């Protein structure tokens, strides 16, 4: 298997592959099902209406007391049930309020100046010295090497398409401490202005007009654990990867700053990761709505960093995902909430949670979120059943690579089974080896 060959074979000519029409407007982040008032509240198993994640907490507690690893899924014993939720909770250690979405708060600072690392290194002046490299070719190789050190399994570069940057972010006022954060969330516009550096005022989050590029990282989840979806070990690989995302953003932003440029971290905030990942060539959009990659299918998390560092954009990739999703529909048939459409792509949002004006499969994300308190987790059944999540999809016919169409026709064993560092799989880890030739052309 040769993952670099595969990406070269399916590379497209330059240009955003996302098809849009005149109804396209930037999307206010509060509209996501996690944050919008219509979807935020969900009943728990006693019928009490609560913030969805508190209702899900109630189900986790109920499952542990009943020796279960998920909905109607008996564990080996209560201790095993406990252990899965302890692993899940611990995975979130470096993530604020399920996704790090507040810009320029906590780990997501838009300047490095107050960070303990920046203060310690201040005598060297790396963040104040003008860049010594302005060549986009060399910078792309340097920043991608740094990205791999920082924990990305995939990395790509695109020009920043502002259509996918949230029109307004969900955040908290700068004087609000963490313990009041969930009670004091506000909206704040993200605007683009002729300023030298990213800056936040009382009224606006201001991205400079010089912010040309977005660097997108893929953070691979663990296949054995995700295949337990919707049960607790799928929750644990999800959670650990959010902390890996946070570390990636902070590491990479510091590298970029110490190279003489500015950098904006984001994790789940600032803009729509799937669209950036498609434009940076990590993969293609899919029926479930995730970015499907050749190496991991959709079983990969995304984060991204915005910067004025000159870079060479990667080419988008077309390995036939759209045509497979047209005929496959496994995620839609297996979805426990029937949130995923079995119909064609349109430009018309299904509800407030979708951004209208771009051609995509339109899914009902209030239905999806509704299953999370019911199951006490983050589901993931769609990722688990997608044939691209299997490690065995690619075959070579003597001339070229192709997808094997035959692919489209318990938790105790996970705890007792194969694992390796960060949940990566040495049987496939060669797929993400990188040399200069595949970092920049």
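Positions refer to the first chain, counted from 1.
- Compared with other deposited structures of the same protein, residue 53 does not meet the criterion of being unmodelled in at least one third, since all of those that resolve residues on both sides include it.
- In the other compared entries of this protein that model both flanking residues, residue 411 has coordinates in every one, well short of a third left out.
- Missing coordinates between residue 49 and residue 50 amount to none of the deposited residues, so the segment is unbroken.
- Comparing 19-27 with 427-435, the higher mean C-alpha B-factor in the PDB entry belongs to 19-27.
- In this entry, 195-203 shows the higher mean Cα temperature factor of the pair 361-369 and 195-203.
- Within the group 279, 153, 323, 249, the record's highest C-alpha temperature factor is found at 323.
- If you compare the C-alpha temperature factors of 223, 148, 128, 301 in the entry, 128 comes out highest.
- When the CA B factors of the chain's modelled residues are split into thirds, the value for residue 404 lands in the highest one.
- Sorting the modelled residues of the chain by their CA temperature factor places residue 9 in the middle third.
- Placement of the Cα temperature factor of residue 38 within the chain: highest third of the modelled residues, per the deposited record.
- The PDB entry assigns residue 262 a C-alpha temperature factor belonging to the middle third of its chain's modelled residues.
- In the deposited entry, the Cα temperature factor of residue 95 sits in the bottom third of values across the chain's modelled residues.
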